[PDB]
Peer 1: 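Quick one: the structure is below, and I'll ask about it shortly.
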Amino acid sequence: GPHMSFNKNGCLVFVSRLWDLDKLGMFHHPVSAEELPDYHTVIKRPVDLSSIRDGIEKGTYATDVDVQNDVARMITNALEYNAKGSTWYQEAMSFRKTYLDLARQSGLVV
Ligand SMILES: COc1cc2c(cc1-c1c(C)noc1C)ncc1[nH]c(=O)n([C@H](C)c3ccccn3)c12
Ligand SMILES: [Cl-]
Ligand SMILES: [K+]
């Protein structure tokens, strides 16, 4: 085995769990400026699961912790953009509380 701090398939398993648990699909794709024009004025450092998947497959995440950090940013961004108590915010809060366990479930070191 490679015995290393980047585990590509483990990171993809992590993203697959996040994807599947994202019932609103609110994390699935980058936000189009034409569809939701205010988003980019509120969220200046966007990230989404498709972009994270692209990065994992390309190798442009150094380590599994870097993937975890981008998922944390993804969640924080959704908590910023959406209003407390909204369905979106509820889902993002659920992710905040569980994403590290999802990483562990996937085989990553947290
Ligand atoms: C991707 O489309 C949206 C995403 C929204 C949204 C409204 C739209 C939307 C839709 C759908 N049709 O017109 C508009 C405007 N309003 C709030 C909100 N909060 C939020 O996190 N999103 C994300 C990006 C999203 C993506 C896909 C499905 C559901 N939600 C959204
Ligand atoms: Cl609010
Ligand atoms: K908010």
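FYI, the numbering just counts along the sequence from 1.
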Peer 1: Enumerate donor-acceptor pairs with a distance under 3.5 Å from any side-chain N or O in residues 45-56 to protein atoms, sequence neighbours excluded.
Peer 2:
from: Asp48; atom 1: OD1; to: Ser51; atom 2: OG; distance (Å): 2.6
from: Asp48; atom 1: OD2; to: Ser50; atom 2: N; distance (Å): 2.9
from: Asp48; atom 1: OD2; to: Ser51; atom 2: N; distance (Å): 2.9
from: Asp48; atom 1: OD2; to: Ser51; atom 2: OG; distance (Å): 3.4
from: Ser50; atom 1: OG; to: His28; atom 2: O; distance (Å): 2.6

Peer 1: Excluding sequence neighbours, so at least two apart, what forms ring-ring contact (aromatic ring centres under 6.0 Å, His included) with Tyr81?
Peer 2: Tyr39

Peer 1: Test: salt bridge (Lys or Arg N to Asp or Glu O under 4.0 Å). Region: residues 77-89. Which pairs qualify, not counting sequence neighbours?
Peer 2: none

Peer 1: Say whether, by atom type as modelled, one donor and one acceptor occur between the side chain of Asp22 and the main chain of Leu18 under 3.5 angstrom.
Peer 2: no

Peer 1: Give every residue pair that meets the salt bridge (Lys or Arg N to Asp or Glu O under 4.0 Å) criterion with at least one member in residues 101-110, sequence neighbours excluded.
Peer 2: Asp101-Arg104

Peer 1: Give a yes or no on whether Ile75 and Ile43 share a hydrophobic cluster (residues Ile, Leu, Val, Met, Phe, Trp, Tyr; joining criterion: side-chain heavy atoms under 4.5 Å apart).
Peer 2: no

Peer 1: Please walk me through it: do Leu21 and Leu102 pass side-chain contact (heavy atoms from CB on, under 4.5 Å)?
Peer 2: CA-CA 10 Å; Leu21 288 167; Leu102 296 174; 3.8 Å; yes

Peer 1: Quick one: CG on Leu12 to OG on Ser106, what's the gap to the nearest 0.5 Å?
Peer 2: 9.5 Å

Peer 1: If you look at every heavy atom in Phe6 and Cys11, which pair is closest and at what distance?
Peer 2: CE1-SG, 4.3 Å

Peer 1: If you link I, L, V, M, F, W and Y whenever their side-chain heavy atoms are under 4.5 Å apart, who else ends up in the same group as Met4?
Peer 2: none

Peer 1: Supply the members, apart from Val109, of the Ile/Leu/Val/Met/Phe/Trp/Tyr cluster built from side-chain contacts under 4.5 Å; use none for a lone residue.
Peer 2: none

Peer 1: Can you give me every donor-acceptor pair (side chain of residues 29-36, partner residue at least two apart or in another chain, under 3.5 Å) with its distance?
Peer 2:
from: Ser32; atom 1: OG; to: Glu34; atom 2: N; distance (Å): 3.2
from: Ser32; atom 1: OG; to: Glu35; atom 2: N; distance (Å): 3.2

Peer 1: My understanding is that only residues two or more places apart in sequence, or in another chain, count here; which of them pass side-chain hydrogen bond (donor to acceptor under 3.5 Å, both in side chains) with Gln105?
Peer 2: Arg17

Peer 1: Please tabulate, one pair per line, all N/O donor-acceptor pairs under 3.5 Å involving side-chain atoms of residues 88-96, not counting sequence neighbours.
Peer 2:
from: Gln90; atom 1: NE2; to: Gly85; atom 2: O; distance (Å): 3.0
from: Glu91; atom 1: OE1; to: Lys23; atom 2: N; distance (Å): 3.4
from: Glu91; atom 1: OE1; to: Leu24; atom 2: N; distance (Å): 3.2

Peer 1: Using a 4.5 Å cut-off on heavy atoms from C-beta on, say whether the side chain of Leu108 contacts that of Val65.
Peer 2: no

Peer 1: Would you say the side-chain atoms of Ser86 pair up with the backbone N or O of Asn82, donor to acceptor, closer than 3.5 Å?
Peer 2: no

Peer 1: Please list all pairs passing the side chain to side chain donor-acceptor pair (under 3.5 Å) test where one or both residues lie in residues 61-71, with sequence neighbours left out.
Peer 2: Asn7-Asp64, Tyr61-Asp70, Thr63-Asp66, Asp70-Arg73

Peer 1: Using the rule that two of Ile, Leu, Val, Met, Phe, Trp, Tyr join whenever any of their side-chain heavy atoms come within less than 4.5 Å, decide whether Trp19 and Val13 are in one cluster.
Peer 2: no

